[PDB]
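Engineer: Encoded as structure tokens, here's the structure I'll be asking about.
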Amino acid sequence: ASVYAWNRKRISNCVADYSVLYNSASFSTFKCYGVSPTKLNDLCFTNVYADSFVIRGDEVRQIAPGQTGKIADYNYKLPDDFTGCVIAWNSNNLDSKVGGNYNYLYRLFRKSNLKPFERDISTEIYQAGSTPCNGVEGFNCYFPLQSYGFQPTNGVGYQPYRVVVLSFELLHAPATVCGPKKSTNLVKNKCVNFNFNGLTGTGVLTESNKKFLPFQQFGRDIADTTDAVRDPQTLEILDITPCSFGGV
Amino acid sequence: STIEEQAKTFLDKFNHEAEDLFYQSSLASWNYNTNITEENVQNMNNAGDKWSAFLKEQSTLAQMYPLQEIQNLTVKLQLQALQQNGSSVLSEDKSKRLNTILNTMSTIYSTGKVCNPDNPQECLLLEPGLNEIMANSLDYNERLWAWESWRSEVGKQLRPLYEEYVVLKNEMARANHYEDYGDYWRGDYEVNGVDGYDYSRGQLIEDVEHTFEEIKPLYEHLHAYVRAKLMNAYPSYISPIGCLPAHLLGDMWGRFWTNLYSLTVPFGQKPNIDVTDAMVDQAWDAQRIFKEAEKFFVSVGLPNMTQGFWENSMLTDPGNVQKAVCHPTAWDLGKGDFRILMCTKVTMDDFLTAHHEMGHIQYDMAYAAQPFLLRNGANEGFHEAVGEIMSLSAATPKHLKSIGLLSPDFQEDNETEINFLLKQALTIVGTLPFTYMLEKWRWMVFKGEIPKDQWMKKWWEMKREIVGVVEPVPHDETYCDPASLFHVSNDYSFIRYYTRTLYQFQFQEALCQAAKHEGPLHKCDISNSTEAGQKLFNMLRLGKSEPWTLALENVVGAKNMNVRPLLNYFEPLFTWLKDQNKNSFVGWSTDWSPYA
Ligand SMILES: *[C@@H]1O[C@H](CO)[C@@H](O)[C@H](O)[C@H]1NC(C)=O
Ligand SMILES: *[C@@H]1O[C@H](CO)[C@@H](O)[C@H](O)[C@H]1NC(C)=O
Ligand SMILES: *[C@@H]1O[C@H](CO)[C@@H](O)[C@H](O)[C@H]1NC(C)=O
Ligand SMILES: *[C@@H]1O[C@H](CO)[C@@H](O)[C@H](O)[C@H]1NC(C)=O
Ligand SMILES: *[C@@H]1O[C@H](CO)[C@@H](O)[C@H](O)[C@H]1NC(C)=O
Ligand SMILES: *[C@@H]1O[C@H](CO)[C@@H](O)[C@H](O)[C@H]1NC(C)=O
Ligand SMILES: *[C@@H]1O[C@H](CO)[C@@H](O)[C@H](O)[C@H]1NC(C)=O
């Protein structure tokens, strides 16, 4: 969609890998605000809504928290202290056609500055002066919606850069999408520290004869001591015992 | 509820609309210069009419805005140019006389004819036929006929047409609240709205004339020396007491005296500064010729060239059916699209021309951030002078040895520098009197206080006095030779060339001083100097947003037109010329002797 008709979608309850994004070797203005890309996977937040639109290469910098301008003020406003990342890459080879790609429109005028995270679609027209416009364009009507021109021979600054926006916020709800925490292969008959899904400890991992019902995760015997954990990647229950220790 | 905000709203709307139409028109023009087809010319009218018609509609809308309440100067200049009525003031019956007259004269000038009367053997166009027979031959008899082959076969029919052109183009000045059509061209240099920095339209004439008093003494010795070397091949055919014939100045109009190298070589014993055989030995091509120019620009400090030109523009002559002209020109299509149109060749001039072309392209991106209306030079002279400063540095031996085109061991003696400096003066200093007189003739003739009969007698009198040329054969008033020149005939302001010399050298001294180069200016270089690049970039990016007069103060600090930093470049040459002209008759008065 175009900048004046940017979409807001919902993504939740799954796992997304941002590591592949970093080494995509295709992004030109991968910028993160309020969070480093490296620590974006270990910790996860809610409100992972995403936005998609097309922005010309020259005015890419306008899309940033605390940054105003034409697109940032009349088309899409980013709130201050924005917690998220913006990914942009060139799309010359496909987002362009001979004679000019007159398919993307943008807002050139507005009665008031756009508030952060506001979607504005309208047919009305601007009032430059005092005489109202009754739908007929005149000396002070200035139909705000103007179509972009993206020719294949346009300069790099004027090239239409394909850009998307990712945002993260807080809510009183369980955490939404996170990253996969690179589960490591197990080892048996060794005093090895373990960190399963939620619980962690140190002990010797051995075979077990007891049978768990299909809805348990870990087991304990006495005094809230965990001694039987079923790994999720194998669905096999294994005993846990503290390894050798004592006085000498 | 104010005019200032309303004007800003309109300008923003116009900027996005105008650039879109301009880009579509600009790209169409490039193709016609690379692939000419019978349908391409038909395409021009479809694109041209709407683009021109677009400005007409916008100009009317901008007229109702009063100009007495816009304190802002950025939009004040923009509204001034957008409100130029131009041909709108002319009536429909009178307006149709513009295109009808303009196009007919264009076709007439494009007809090359050197076929001998009563002897129709053959004759080619202007470029192949006219230039070769005058720039190479050394025969007085045929050259005189060649002089008459164009001033009596092409300009004769322009007398009833040119006169009609200046009577109706002079009327629009009153409708445009201007003094005359000549004064209209002076509006480019006019500055208003800034206290102390205002430049009156009439201030151009006095400033141009004031700087001409110091040019003449240099020209008196230059003309005295150049004429002395002309009688070596003509000891007695021309008397050494008057001026020189018009048809012995290299070109038909004598604008450039480059062709006089063979006849007037200062010291031909030692080899000249030529690297044509050097580059062919190393197998240079179009890509390498331009690439070495690009790294020269970035070394100075300016941003390097873009990426959408090598694979977008054309360098050599493509194909065989494509006969489109490839004259060296600068293309500014807008929206980040920039191209260069020229035919690469293994020649000295083309190598220098390559460095000259990128100068205009570099200036285009400097004011890219400026709006579409202000996306232009400060005045008509700035755009040309900016593109020539590097050409002077590119010809210096120091720059050539840096890349390796010149031999590693090339001594720099007295004669080596005088030979190089003198030729630059001929094509720069030599053409200054010719530029000034022609523009002065255009101003006075457009004023209207000149009867028909004395159009031509006054044209010749000052040429013999200022330029110093004797008429090869008397001509009566019916002839219209002054209208045969390319720029004057096709309605181009020739004053820009006169200011080109005064602008290129003023910046050269400032840039050379910024580089802290030790030595004379002729040996100065601009590369490997980041400080000089920053100084140039500061004024280039201003564009038309700031007054042109303010630009000068940012580089040389002199608000007026300073002619002093032009003799300094030729001080080694001037001293030698004075000694060489000890016996030559320096200083010519009115002279009817050669053709009494
Ligand atoms: C997912 O379950 C399949 C079921 O056989 C198993 O083969 C696979 O190893 C599991 N994934 C991981 C990462 O262990
Ligand atoms: C070039 O021009 C020729 C004829 O002038 C035409 O047949 C050909 O299609 C043109 N090619 C391009 C790429 O414009
Ligand atoms: C005029 O307005 C422009 C708006 O961008 C501003 O940049 C400039 O400084 C203003 N100049 C004056 C003299 O008010
Ligand atoms: C331009 O033409 C319009 C319409 O005739 C007129 O109102 C206006 O005064 C003219 N402006 C100039 C500068 O000639
Ligand atoms: C221009 O310089 C930049 C900065 O070093 C570089 O990335 C780019 O490739 C250069 N472009 C050309 C055409 O040399
Ligand atoms: C400029 O610097 C380069 C890099 O050292 C050098 O190769 C070149 O000869 C220098 N040119 C001049 C004129 O100093
Ligand atoms: C150049 O001229 C000066 C002044 O006469 C003289 O001293 C010097 O030797 C000359 N140099 C050469 C190389 O002729």
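As shown in the structure tokens, the chain order sets the letters A, B, ...; within each chain, residues go from 1, and ligands are also counted from 1 in the order they appear.
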Considering only C-alpha atoms, extract the chain A residues located within 7 Å of chain B and return them as a ChimeraX atom specification.

Structural biologist: /A:128-130,139,142,153-158

Engineer: Could you please take those selected residues and save N, CA and C atoms as a PDB file, in the first residue's frame?

Structural biologist:
ATOM      1  N   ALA A 128      -6.311  26.608   1.456  1.00  0.00           N
ATOM      2  CA  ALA A 128      -5.160  27.502   1.535  1.00  0.00           C
ATOM      3  C   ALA A 128      -5.573  28.902   1.971  1.00  0.00           C
ATOM      4  N   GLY A 129      -6.678  29.410   1.430  1.00  0.00           N
ATOM      5  CA  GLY A 129      -7.142  30.746   1.749  1.00  0.00           C
ATOM      6  C   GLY A 129      -8.386  30.743   2.612  1.00  0.00           C
ATOM      7  N   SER A 130      -9.356  31.594   2.264  1.00  0.00           N
ATOM      8  CA  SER A 130     -10.602  31.703   3.007  1.00  0.00           C
ATOM      9  C   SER A 130     -11.830  31.279   2.218  1.00  0.00           C
ATOM     10  N   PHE A 139      -7.980  28.245  -7.068  1.00  0.00           N
ATOM     11  CA  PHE A 139      -6.711  28.853  -6.692  1.00  0.00           C
ATOM     12  C   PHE A 139      -6.295  28.528  -5.263  1.00  0.00           C
ATOM     13  N   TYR A 142      -6.141  22.921  -3.984  1.00  0.00           N
ATOM     14  CA  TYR A 142      -4.881  22.199  -3.808  1.00  0.00           C
ATOM     15  C   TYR A 142      -5.129  20.778  -3.289  1.00  0.00           C
ATOM     16  N   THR A 153      14.919   5.193 -14.543  1.00  0.00           N
ATOM     17  CA  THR A 153      16.137   5.979 -14.681  1.00  0.00           C
ATOM     18  C   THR A 153      16.268   7.054 -13.610  1.00  0.00           C
ATOM     19  N   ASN A 154      15.394   7.053 -12.607  1.00  0.00           N
ATOM     20  CA  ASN A 154      15.468   8.051 -11.553  1.00  0.00           C
ATOM     21  C   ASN A 154      16.746   7.872 -10.738  1.00  0.00           C
ATOM     22  N   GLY A 155      17.195   8.970 -10.137  1.00  0.00           N
ATOM     23  CA  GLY A 155      18.400   8.938  -9.338  1.00  0.00           C
ATOM     24  C   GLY A 155      18.214   8.157  -8.052  1.00  0.00           C
ATOM     25  N   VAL A 156      19.348   7.816  -7.436  1.00  0.00           N
ATOM     26  CA  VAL A 156      19.318   7.012  -6.218  1.00  0.00           C
ATOM     27  C   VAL A 156      18.540   7.731  -5.124  1.00  0.00           C
ATOM     28  N   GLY A 157      18.708   9.051  -5.022  1.00  0.00           N
ATOM     29  CA  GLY A 157      17.969   9.804  -4.026  1.00  0.00           C
ATOM     30  C   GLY A 157      16.470   9.757  -4.239  1.00  0.00           C
ATOM     31  N   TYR A 158      16.032   9.740  -5.495  1.00  0.00           N
ATOM     32  CA  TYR A 158      14.616   9.700  -5.832  1.00  0.00           C
ATOM     33  C   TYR A 158      14.089   8.284  -6.018  1.00  0.00           C
TER      34      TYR A 158
END

Engineer: Could you pull out the residues sitting within 12 Å of ligand 4, using only C-alpha atoms and all ligand atoms, and write them as a PyMOL selection string?

Structural biologist: chain B and resi 56-67+79-91+171-178+184

Engineer: Please produce an output containing N, CA, C and O atoms for each residue in the selection, written as a short mmCIF file (atom, residue, chain, number, x, y, z; two decimals), in the first residue's frame.

Structural biologist:
data_model
loop_
_atom_site.label_atom_id
_atom_site.label_comp_id
_atom_site.auth_asym_id
_atom_site.auth_seq_id
_atom_site.Cartn_x
_atom_site.Cartn_y
_atom_site.Cartn_z
N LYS B 56 1.84 28.87 -18.45
CA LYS B 56 0.91 29.96 -18.69
C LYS B 56 -0.20 29.99 -17.65
O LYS B 56 -0.54 31.05 -17.12
N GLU B 57 -0.77 28.82 -17.34
CA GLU B 57 -1.83 28.77 -16.34
C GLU B 57 -1.33 29.17 -14.96
O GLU B 57 -2.00 29.91 -14.24
N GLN B 58 -0.14 28.68 -14.58
CA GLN B 58 0.39 28.99 -13.26
C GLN B 58 0.75 30.46 -13.14
O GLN B 58 0.59 31.06 -12.07
N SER B 59 1.26 31.07 -14.22
CA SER B 59 1.63 32.47 -14.16
C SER B 59 0.43 33.36 -13.86
O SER B 59 0.52 34.31 -13.08
N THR B 60 -0.72 33.06 -14.48
CA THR B 60 -1.92 33.84 -14.23
C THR B 60 -2.35 33.73 -12.77
O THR B 60 -2.73 34.73 -12.15
N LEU B 61 -2.29 32.52 -12.20
CA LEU B 61 -2.69 32.34 -10.81
C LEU B 61 -1.77 33.09 -9.86
O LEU B 61 -2.22 33.65 -8.86
N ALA B 62 -0.47 33.12 -10.16
CA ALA B 62 0.49 33.81 -9.31
C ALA B 62 0.42 35.33 -9.43
O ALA B 62 0.99 36.03 -8.58
N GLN B 63 -0.26 35.85 -10.45
CA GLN B 63 -0.29 37.30 -10.65
C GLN B 63 -1.09 37.99 -9.56
O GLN B 63 -0.71 39.08 -9.09
N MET B 64 -2.20 37.40 -9.13
CA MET B 64 -3.08 38.06 -8.17
C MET B 64 -2.45 38.20 -6.79
O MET B 64 -3.00 38.93 -5.96
N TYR B 65 -1.33 37.53 -6.52
CA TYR B 65 -0.65 37.69 -5.25
C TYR B 65 0.10 39.02 -5.23
O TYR B 65 0.98 39.23 -6.07
N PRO B 66 -0.22 39.94 -4.32
CA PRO B 66 0.58 41.17 -4.22
C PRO B 66 1.99 40.87 -3.72
O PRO B 66 2.22 39.92 -2.97
N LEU B 67 2.93 41.71 -4.15
CA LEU B 67 4.34 41.55 -3.82
C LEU B 67 4.81 42.52 -2.74
O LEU B 67 6.01 42.59 -2.46
N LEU B 79 8.41 33.94 -6.83
CA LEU B 79 7.23 34.56 -7.43
C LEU B 79 7.61 35.50 -8.56
O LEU B 79 6.86 35.64 -9.53
N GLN B 80 8.77 36.16 -8.46
CA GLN B 80 9.18 37.09 -9.50
C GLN B 80 9.38 36.37 -10.83
O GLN B 80 8.95 36.87 -11.88
N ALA B 81 10.01 35.20 -10.81
CA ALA B 81 10.25 34.47 -12.05
C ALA B 81 8.97 33.81 -12.56
O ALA B 81 8.75 33.73 -13.77
N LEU B 82 8.12 33.34 -11.65
CA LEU B 82 6.90 32.64 -12.07
C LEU B 82 5.87 33.60 -12.65
O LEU B 82 5.03 33.19 -13.46
N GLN B 83 5.92 34.87 -12.27
CA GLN B 83 4.95 35.86 -12.73
C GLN B 83 5.35 36.52 -14.05
O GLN B 83 4.63 37.40 -14.52
N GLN B 84 6.47 36.11 -14.64
CA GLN B 84 6.90 36.67 -15.92
C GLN B 84 5.90 36.29 -17.00
O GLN B 84 5.81 35.12 -17.39
N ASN B 85 5.14 37.28 -17.48
CA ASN B 85 4.11 37.00 -18.48
C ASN B 85 4.71 36.46 -19.76
O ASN B 85 4.19 35.50 -20.35
N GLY B 86 5.81 37.05 -20.22
CA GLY B 86 6.45 36.61 -21.45
C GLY B 86 5.63 36.93 -22.68
O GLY B 86 5.45 38.10 -23.03
N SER B 87 5.13 35.89 -23.35
CA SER B 87 4.35 36.05 -24.57
C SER B 87 2.86 36.22 -24.30
O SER B 87 2.10 36.46 -25.25
N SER B 88 2.42 36.11 -23.05
CA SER B 88 1.00 36.27 -22.75
C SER B 88 0.52 37.69 -23.04
O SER B 88 -0.61 37.87 -23.49
N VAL B 89 1.36 38.69 -22.78
CA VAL B 89 0.97 40.07 -23.03
C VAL B 89 0.68 40.28 -24.51
O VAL B 89 -0.23 41.04 -24.88
N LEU B 90 1.45 39.63 -25.38
CA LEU B 90 1.23 39.77 -26.82
C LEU B 90 -0.13 39.21 -27.21
O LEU B 90 -0.60 38.21 -26.67
N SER B 91 -0.77 39.88 -28.16
CA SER B 91 -2.07 39.45 -28.64
C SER B 91 -1.94 38.16 -29.45
O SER B 91 -0.85 37.78 -29.89
N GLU B 171 8.33 45.62 -27.93
CA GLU B 171 7.09 46.13 -27.35
C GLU B 171 6.74 45.45 -26.04
O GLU B 171 6.15 46.09 -25.16
N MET B 172 7.09 44.17 -25.88
CA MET B 172 6.72 43.45 -24.67
C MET B 172 7.35 44.05 -23.42
O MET B 172 6.84 43.82 -22.31
N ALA B 173 8.43 44.81 -23.56
CA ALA B 173 9.07 45.41 -22.39
C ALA B 173 8.11 46.36 -21.68
O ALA B 173 7.99 46.32 -20.45
N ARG B 174 7.42 47.21 -22.43
CA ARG B 174 6.45 48.11 -21.82
C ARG B 174 5.31 47.32 -21.19
O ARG B 174 4.86 47.65 -20.08
N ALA B 175 4.82 46.29 -21.87
CA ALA B 175 3.78 45.44 -21.29
C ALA B 175 4.29 44.70 -20.06
O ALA B 175 3.51 44.35 -19.18
N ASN B 176 5.60 44.46 -20.00
CA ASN B 176 6.22 43.78 -18.87
C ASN B 176 6.82 44.76 -17.86
O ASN B 176 7.56 44.34 -16.97
N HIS B 177 6.50 46.05 -17.98
CA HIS B 177 7.04 47.08 -17.08
C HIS B 177 8.56 47.12 -17.14
O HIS B 177 9.23 47.32 -16.13
N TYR B 178 9.11 46.91 -18.33
CA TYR B 178 10.54 46.98 -18.59
C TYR B 178 10.84 48.15 -19.52
O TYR B 178 9.96 48.65 -20.23
N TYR B 184 15.37 43.83 -20.60
CA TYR B 184 14.76 42.63 -20.05
C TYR B 184 15.80 41.56 -19.76
O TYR B 184 15.74 40.89 -18.72
#

Engineer: Could you list, as a ChimeraX atom specification, all protein and nucleic acid residues with an atom at most 10 Å from ligand 1, counting only C-alpha atoms and all ligand atoms?

Structural biologist: /A:180,182-185,231-235

Engineer: Give me the residues near residue 462 of chain B as JSON, numbers by chain, where near means some atom within 10 Å (using only C-alpha atoms) and where sequence neighbours in that chain fewer than 6 positions away do not count.

Structural biologist: {"B": [437, 438, 441, 468, 469, 590]}

Engineer: List the spatial neighbours of segment 138-150 of chain B as an MDAnalysis selection string - criterion: any atom at most 9 Å away, only C-alpha atoms, same-chain residues fewer than 6 positions off excluded.

Structural biologist: chainID B and resid 112:116 130 156 233 237 246:248 252 263 472:473 481 484

Engineer: Contacts between ligand 6 and chain B, please, where a residue of chain B counts if it comes within 8 Å (with only C-alpha atoms and all ligand atoms); show its shortest atom pair and distance in Å to one decimal, rows by chain and ascending number, as CSV.

Structural biologist:
residue,atom,partner,partner_atom_place_in_ligand_line,distance
B:299,CA,ligand 6,1 (C),7.6
B:398,CA,ligand 6,13 (C),5.7
B:399,CA,ligand 6,13 (C),5.1
B:401,CA,ligand 6,9 (O),7.5
B:402,CA,ligand 6,9 (O),4.1
B:403,CA,ligand 6,9 (O),6.7
B:525,CA,ligand 6,13 (C),6.4
B:526,CA,ligand 6,13 (C),7.8
B:527,CA,ligand 6,13 (C),5.9
B:528,CA,ligand 6,1 (C),4.9

Engineer: For each of B:4, B:409, B:349, B:188, take the minimum atom-to-atom distance to residue 381 of chain B, counting only C-alpha atoms, then give the residue where this is smallest.

Structural biologist: B:188

Engineer: Listing only residues of chain B within 9 Å of ligand 2, what is the closest atom pair and its distance in Å (to one decimal) for each, using only C-alpha atoms and all ligand atoms, sorted by chain and residue number ascending, as CSV?

Structural biologist:
residue,atom,partner,partner_atom_place_in_ligand_line,distance
B:31,CA,ligand 2,14 (O),7.2
B:32,CA,ligand 2,14 (O),8.6
B:34,CA,ligand 2,14 (O),7.6
B:35,CA,ligand 2,1 (C),4.6
B:36,CA,ligand 2,5 (O),5.1
B:37,CA,ligand 2,5 (O),4.5
B:38,CA,ligand 2,5 (O),7.6
B:319,CA,ligand 2,1 (C),8.5
B:321,CA,ligand 2,5 (O),5.8
B:322,CA,ligand 2,5 (O),5.6
B:323,CA,ligand 2,5 (O),7.9
B:324,CA,ligand 2,5 (O),8.9

Engineer: Residues within 7 Å of ligand 3 should be enumerated using only C-alpha atoms and all ligand atoms and returned as a VMD selection string.

Structural biologist: chain B and resid 71 to 75

Engineer: May I have the residues from that selection written out with N, CA, C and O atoms, as a PDB file, in the first residue's frame?

Structural biologist:
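part.pdb was written with the following content:
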ATOM      1  N   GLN B  71       7.735  39.477   3.185  1.00  0.00           N
ATOM      2  CA  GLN B  71       9.038  39.799   3.756  1.00  0.00           C
ATOM      3  C   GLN B  71      10.073  38.729   3.432  1.00  0.00           C
ATOM      4  O   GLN B  71      11.267  39.035   3.331  1.00  0.00           O
ATOM      5  N   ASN B  72       9.643  37.482   3.264  1.00  0.00           N
ATOM      6  CA  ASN B  72      10.570  36.405   2.951  1.00  0.00           C
ATOM      7  C   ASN B  72      11.166  36.602   1.562  1.00  0.00           C
ATOM      8  O   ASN B  72      10.461  36.932   0.605  1.00  0.00           O
ATOM      9  N   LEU B  73      12.478  36.393   1.457  1.00  0.00           N
ATOM     10  CA  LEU B  73      13.180  36.556   0.191  1.00  0.00           C
ATOM     11  C   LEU B  73      13.210  35.277  -0.633  1.00  0.00           C
ATOM     12  O   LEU B  73      13.299  35.347  -1.865  1.00  0.00           O
ATOM     13  N   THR B  74      13.142  34.111   0.015  1.00  0.00           N
ATOM     14  CA  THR B  74      13.188  32.854  -0.725  1.00  0.00           C
ATOM     15  C   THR B  74      12.001  32.729  -1.672  1.00  0.00           C
ATOM     16  O   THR B  74      12.164  32.346  -2.837  1.00  0.00           O
ATOM     17  N   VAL B  75      10.799  33.050  -1.192  1.00  0.00           N
ATOM     18  CA  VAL B  75       9.615  32.972  -2.042  1.00  0.00           C
ATOM     19  C   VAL B  75       9.437  34.223  -2.892  1.00  0.00           C
ATOM     20  O   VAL B  75       8.787  34.161  -3.943  1.00  0.00           O
TER      21      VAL B  75
END

Engineer: Mind pulling up the distance from atom CA of residue 217 of chain A to atom CA of residue 196 of chain A?

Structural biologist: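 Straight-line distance from atom CA of residue 196 of chain A to atom CA of residue 217 of chain A works out to 9.7 Å.
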